[PDB]
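Read through the structure below, which is laid out as structure tokens, and then see the notes.
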Amino acid sequence: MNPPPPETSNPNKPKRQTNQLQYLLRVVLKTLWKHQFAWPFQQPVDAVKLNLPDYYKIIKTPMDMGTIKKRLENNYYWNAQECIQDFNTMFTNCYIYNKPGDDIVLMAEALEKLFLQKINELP
Ligand SMILES: Cc1n[nH]c(C)c1-c1ccnc(Nc2ccc3c(c2)N(C(C)C)[C@H](C)C(=O)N3C)n1
């Protein structure tokens, strides 16, 4: 099975709008989202569709760019570091679940390289 997806709203969670979070949406997420390797990461892993009942037995903190995008658009975060942590969870999950040299890992590695280039000069 699939678990419920990560929340993208939480009314009693306190929220901030910062220039760093705006840049994460307008630049970092936008750049990754258009990439030719973005597609597996644009929504939660669908273990039912992929017939991978093991996925959510291995990965207990799922995260994906569709969730991050909605969190940024919906003003979910307190600060930029919280969002950066979500990106790192997404990449790390993929490295944990898969093996070096797998196609999905090559895709994550290319996206991570671009991610780090964009954050290397946040505002
Ligand atoms: C890429 C590939 N290879 N073989 C098949 C079949 C597919 C395929 C076909 C249709 N959709 C998808 N979506 C997909 C989305 C996310 C992930 C993955 C697949 N992968 C795969 C290695 C299973 C793992 C669970 C992962 O970590 N993430 C992040 N994948």
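How things are named: the first chain in the structure tokens is A, the next is B, and so on; residues count from 1 in each chain; ligands count from 1 in the order shown.
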Produce a table with one row for each residue of chain A that has an atom at most 10 Å from any atom of ligand 1, each row naming the nearest atom pair and its distance in Å at one decimal; use only C-alpha atoms and all ligand atoms; arrange rows by chain and rising residue number; format as JSON lines.
{"residue": "A:37", "atom": "CA", "partner": "ligand 1", "partner_atom_place_in_ligand_line": "1 (C)", "distance": 10.0}
{"residue": "A:38", "atom": "CA", "partner": "ligand 1", "partner_atom_place_in_ligand_line": "15 (C)", "distance": 9.4}
{"residue": "A:39", "atom": "CA", "partner": "ligand 1", "partner_atom_place_in_ligand_line": "15 (C)", "distance": 7.3}
{"residue": "A:40", "atom": "CA", "partner": "ligand 1", "partner_atom_place_in_ligand_line": "15 (C)", "distance": 3.6}
{"residue": "A:41", "atom": "CA", "partner": "ligand 1", "partner_atom_place_in_ligand_line": "16 (C)", "distance": 5.6}
{"residue": "A:42", "atom": "CA", "partner": "ligand 1", "partner_atom_place_in_ligand_line": "15 (C)", "distance": 8.1}
{"residue": "A:43", "atom": "CA", "partner": "ligand 1", "partner_atom_place_in_ligand_line": "15 (C)", "distance": 7.7}
{"residue": "A:44", "atom": "CA", "partner": "ligand 1", "partner_atom_place_in_ligand_line": "16 (C)", "distance": 7.2}
{"residue": "A:45", "atom": "CA", "partner": "ligand 1", "partner_atom_place_in_ligand_line": "16 (C)", "distance": 4.9}
{"residue": "A:46", "atom": "CA", "partner": "ligand 1", "partner_atom_place_in_ligand_line": "15 (C)", "distance": 7.0}
{"residue": "A:47", "atom": "CA", "partner": "ligand 1", "partner_atom_place_in_ligand_line": "25 (C)", "distance": 7.2}
{"residue": "A:49", "atom": "CA", "partner": "ligand 1", "partner_atom_place_in_ligand_line": "11 (N)", "distance": 7.7}
{"residue": "A:50", "atom": "CA", "partner": "ligand 1", "partner_atom_place_in_ligand_line": "6 (C)", "distance": 6.0}
{"residue": "A:51", "atom": "CA", "partner": "ligand 1", "partner_atom_place_in_ligand_line": "23 (C)", "distance": 8.7}
{"residue": "A:52", "atom": "CA", "partner": "ligand 1", "partner_atom_place_in_ligand_line": "25 (C)", "distance": 7.3}
{"residue": "A:54", "atom": "CA", "partner": "ligand 1", "partner_atom_place_in_ligand_line": "25 (C)", "distance": 9.3}
{"residue": "A:55", "atom": "CA", "partner": "ligand 1", "partner_atom_place_in_ligand_line": "25 (C)", "distance": 6.4}
{"residue": "A:56", "atom": "CA", "partner": "ligand 1", "partner_atom_place_in_ligand_line": "25 (C)", "distance": 9.3}
{"residue": "A:59", "atom": "CA", "partner": "ligand 1", "partner_atom_place_in_ligand_line": "27 (O)", "distance": 9.2}
{"residue": "A:62", "atom": "CA", "partner": "ligand 1", "partner_atom_place_in_ligand_line": "29 (C)", "distance": 9.4}
{"residue": "A:63", "atom": "CA", "partner": "ligand 1", "partner_atom_place_in_ligand_line": "29 (C)", "distance": 9.0}
{"residue": "A:64", "atom": "CA", "partner": "ligand 1", "partner_atom_place_in_ligand_line": "29 (C)", "distance": 7.8}
{"residue": "A:90", "atom": "CA", "partner": "ligand 1", "partner_atom_place_in_ligand_line": "29 (C)", "distance": 7.7}
{"residue": "A:91", "atom": "CA", "partner": "ligand 1", "partner_atom_place_in_ligand_line": "29 (C)", "distance": 8.2}
{"residue": "A:92", "atom": "CA", "partner": "ligand 1", "partner_atom_place_in_ligand_line": "27 (O)", "distance": 9.3}
{"residue": "A:93", "atom": "CA", "partner": "ligand 1", "partner_atom_place_in_ligand_line": "27 (O)", "distance": 6.7}
{"residue": "A:94", "atom": "CA", "partner": "ligand 1", "partner_atom_place_in_ligand_line": "27 (O)", "distance": 4.2}
{"residue": "A:95", "atom": "CA", "partner": "ligand 1", "partner_atom_place_in_ligand_line": "27 (O)", "distance": 7.4}
{"residue": "A:96", "atom": "CA", "partner": "ligand 1", "partner_atom_place_in_ligand_line": "27 (O)", "distance": 8.2}
{"residue": "A:97", "atom": "CA", "partner": "ligand 1", "partner_atom_place_in_ligand_line": "27 (O)", "distance": 5.8}
{"residue": "A:98", "atom": "CA", "partner": "ligand 1", "partner_atom_place_in_ligand_line": "27 (O)", "distance": 6.1}
{"residue": "A:99", "atom": "CA", "partner": "ligand 1", "partner_atom_place_in_ligand_line": "22 (C)", "distance": 9.3}
{"residue": "A:102", "atom": "CA", "partner": "ligand 1", "partner_atom_place_in_ligand_line": "22 (C)", "distance": 7.5}
{"residue": "A:103", "atom": "CA", "partner": "ligand 1", "partner_atom_place_in_ligand_line": "1 (C)", "distance": 6.7}
{"residue": "A:104", "atom": "CA", "partner": "ligand 1", "partner_atom_place_in_ligand_line": "22 (C)", "distance": 5.3}
{"residue": "A:105", "atom": "CA", "partner": "ligand 1", "partner_atom_place_in_ligand_line": "27 (O)", "distance": 7.6}
{"residue": "A:107", "atom": "CA", "partner": "ligand 1", "partner_atom_place_in_ligand_line": "29 (C)", "distance": 9.1}
{"residue": "A:108", "atom": "CA", "partner": "ligand 1", "partner_atom_place_in_ligand_line": "29 (C)", "distance": 7.9}
For the residues in that selection, give me C-alpha atoms as a PDB file, in the first residue's frame.
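out.pdb was written with the following content:
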ATOM      1  CA  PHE A  37      14.571  13.966 -14.825  1.00  0.00           C
ATOM      2  CA  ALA A  38      11.992  15.643 -12.568  1.00  0.00           C
ATOM      3  CA  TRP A  39       9.057  13.378 -13.429  1.00  0.00           C
ATOM      4  CA  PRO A  40       9.567  10.578 -10.828  1.00  0.00           C
ATOM      5  CA  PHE A  41       9.868  13.239  -8.123  1.00  0.00           C
ATOM      6  CA  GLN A  42       6.843  15.373  -9.047  1.00  0.00           C
ATOM      7  CA  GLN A  43       4.465  13.396  -6.802  1.00  0.00           C
ATOM      8  CA  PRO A  44       4.663  10.833  -3.992  1.00  0.00           C
ATOM      9  CA  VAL A  45       5.966   7.407  -4.913  1.00  0.00           C
ATOM     10  CA  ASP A  46       2.924   5.369  -5.951  1.00  0.00           C
ATOM     11  CA  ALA A  47       3.822   1.952  -4.563  1.00  0.00           C
ATOM     12  CA  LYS A  49       1.094   1.513  -9.309  1.00  0.00           C
ATOM     13  CA  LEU A  50       4.720   0.372  -9.211  1.00  0.00           C
ATOM     14  CA  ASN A  51       3.850  -2.833  -7.320  1.00  0.00           C
ATOM     15  CA  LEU A  52       6.476  -2.043  -4.675  1.00  0.00           C
ATOM     16  CA  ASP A  54       8.423  -2.798   0.088  1.00  0.00           C
ATOM     17  CA  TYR A  55       8.912   0.920  -0.640  1.00  0.00           C
ATOM     18  CA  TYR A  56       7.110   2.370   2.381  1.00  0.00           C
ATOM     19  CA  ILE A  59      11.097   4.712   3.544  1.00  0.00           C
ATOM     20  CA  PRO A  62       8.582  10.094   2.305  1.00  0.00           C
ATOM     21  CA  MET A  63       9.001  13.353   0.485  1.00  0.00           C
ATOM     22  CA  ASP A  64       8.675  14.515  -3.119  1.00  0.00           C
ATOM     23  CA  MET A  90      13.711  13.339  -0.958  1.00  0.00           C
ATOM     24  CA  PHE A  91      17.244  12.774  -2.309  1.00  0.00           C
ATOM     25  CA  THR A  92      18.343  10.621   0.619  1.00  0.00           C
ATOM     26  CA  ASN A  93      15.253   8.424   0.399  1.00  0.00           C
ATOM     27  CA  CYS A  94      16.124   7.681  -3.200  1.00  0.00           C
ATOM     28  CA  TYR A  95      19.741   6.813  -2.344  1.00  0.00           C
ATOM     29  CA  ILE A  96      18.602   4.562   0.518  1.00  0.00           C
ATOM     30  CA  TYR A  97      15.919   2.671  -1.387  1.00  0.00           C
ATOM     31  CA  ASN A  98      17.907   2.183  -4.613  1.00  0.00           C
ATOM     32  CA  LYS A  99      21.504   1.281  -5.470  1.00  0.00           C
ATOM     33  CA  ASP A 102      20.439   2.831 -10.919  1.00  0.00           C
ATOM     34  CA  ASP A 103      18.614   5.053 -13.404  1.00  0.00           C
ATOM     35  CA  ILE A 104      16.535   6.657 -10.633  1.00  0.00           C
ATOM     36  CA  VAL A 105      19.709   7.414  -8.654  1.00  0.00           C
ATOM     37  CA  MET A 107      18.252  11.173 -11.971  1.00  0.00           C
ATOM     38  CA  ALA A 108      18.311  12.177  -8.294  1.00  0.00           C
TER      39      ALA A 108
END
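For stretch 25-36 of chain A, the residues within 7 Å (counting only C-alpha atoms, excluding itself and residues fewer than 5 positions away along the chain) are residues 69, 72, 111, 115 and 118 of chain A.
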Output file for the selection above: C-alpha atoms, as a compact mmCIF listing (two decimals), in the first residue's frame:
# COMPACT_ATOMS: atom_id res chain seq x y z
CA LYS A 69 5.85 22.74 -4.33
CA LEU A 72 5.90 26.53 -0.81
CA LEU A 111 18.71 17.05 -9.69
CA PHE A 115 19.71 22.02 -6.45
CA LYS A 118 20.88 27.11 -7.05
Give me, as a ChimeraX atom specification, the residues of chain A that a backbone DSSP run labels alpha helix (DSSP H).
/A:19-23,30-33,47-50,55-58,65-73,80-97,103-119
Name the residues in contact with residue A:15 at a cut-off of 8 Å, using only C-alpha atoms, excluding same-chain residues fewer than 5 positions from it; report them as a PDB file with N, CA, C and O atoms, in the first residue's frame.
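Dumped to out.pdb:
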ATOM      1  N   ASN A  75       2.424  28.372   1.663  1.00  0.00           N
ATOM      2  CA  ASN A  75       3.051  29.013   2.820  1.00  0.00           C
ATOM      3  C   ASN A  75       3.031  28.116   4.059  1.00  0.00           C
ATOM      4  O   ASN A  75       2.498  28.464   5.120  1.00  0.00           O
ATOM      5  N   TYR A  76       3.649  26.954   3.914  1.00  0.00           N
ATOM      6  CA  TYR A  76       3.674  25.972   4.982  1.00  0.00           C
ATOM      7  C   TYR A  76       4.866  26.131   5.908  1.00  0.00           C
ATOM      8  O   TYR A  76       4.796  25.735   7.079  1.00  0.00           O
ATOM      9  N   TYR A  77       5.960  26.692   5.418  1.00  0.00           N
ATOM     10  CA  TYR A  77       7.225  26.650   6.125  1.00  0.00           C
ATOM     11  C   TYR A  77       7.451  27.859   7.027  1.00  0.00           C
ATOM     12  O   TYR A  77       7.005  28.976   6.746  1.00  0.00           O
ATOM     13  N   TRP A  78       8.218  27.619   8.090  1.00  0.00           N
ATOM     14  CA  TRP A  78       8.706  28.686   8.960  1.00  0.00           C
ATOM     15  C   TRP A  78       9.961  29.348   8.408  1.00  0.00           C
ATOM     16  O   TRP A  78      10.148  30.560   8.577  1.00  0.00           O
TER      17      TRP A  78
END
Extract, using only C-alpha atoms, all DNA, RNA and protein residues at most 12 Å from residue A:80, discarding same-chain residues fewer than 2 positions from it, and format them as a list in words.
residues 15, 16, 17, 18, 19, 20, 21, 22, 23, 24, 25, 28, 68, 71, 72, 75, 76, 77, 78, 82, 83, 84, 85, 86, 87, 119, 122 and 123 of chain A
Output the selection as a PDB file, in the first residue's frame - C-alpha atoms for each residue.
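Writing the result to again_11.pdb gives the following:
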ATOM      1  CA  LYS A  15       4.246  30.165   8.929  1.00  0.00           C
ATOM      2  CA  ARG A  16       6.614  32.818   7.614  1.00  0.00           C
ATOM      3  CA  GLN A  17       7.235  34.387   4.229  1.00  0.00           C
ATOM      4  CA  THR A  18      10.912  35.139   3.687  1.00  0.00           C
ATOM      5  CA  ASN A  19      12.961  36.169   0.687  1.00  0.00           C
ATOM      6  CA  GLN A  20      14.783  32.839   0.924  1.00  0.00           C
ATOM      7  CA  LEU A  21      11.528  30.868   0.763  1.00  0.00           C
ATOM      8  CA  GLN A  22      10.329  32.942  -2.193  1.00  0.00           C
ATOM      9  CA  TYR A  23      13.598  32.155  -3.994  1.00  0.00           C
ATOM     10  CA  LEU A  24      13.194  28.451  -3.186  1.00  0.00           C
ATOM     11  CA  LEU A  25       9.877  28.507  -5.031  1.00  0.00           C
ATOM     12  CA  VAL A  28      15.019  26.372  -7.024  1.00  0.00           C
ATOM     13  CA  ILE A  68       7.415  20.636  -1.566  1.00  0.00           C
ATOM     14  CA  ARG A  71       4.134  23.541   0.747  1.00  0.00           C
ATOM     15  CA  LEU A  72       5.904  26.529  -0.810  1.00  0.00           C
ATOM     16  CA  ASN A  75       3.051  29.013   2.820  1.00  0.00           C
ATOM     17  CA  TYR A  76       3.674  25.972   4.982  1.00  0.00           C
ATOM     18  CA  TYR A  77       7.225  26.650   6.125  1.00  0.00           C
ATOM     19  CA  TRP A  78       8.706  28.686   8.960  1.00  0.00           C
ATOM     20  CA  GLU A  82      12.820  23.558   6.748  1.00  0.00           C
ATOM     21  CA  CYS A  83      12.241  23.394   2.994  1.00  0.00           C
ATOM     22  CA  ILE A  84      15.875  22.499   2.269  1.00  0.00           C
ATOM     23  CA  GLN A  85      15.469  19.611   4.700  1.00  0.00           C
ATOM     24  CA  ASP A  86      12.532  18.335   2.625  1.00  0.00           C
ATOM     25  CA  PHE A  87      14.673  18.349  -0.544  1.00  0.00           C
ATOM     26  CA  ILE A 119      21.125  27.249  -3.275  1.00  0.00           C
ATOM     27  CA  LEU A 122      20.298  32.079  -1.893  1.00  0.00           C
ATOM     28  CA  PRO A 123      19.299  35.736  -1.278  1.00  0.00           C
TER      29      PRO A 123
END
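Going from atom CA of residue A:116 to atom CA of residue A:10 covers 28.0 Å.
Straight-line separation from atom CA of residue A:112 to atom CA of residue A:66: 15.8 Å.
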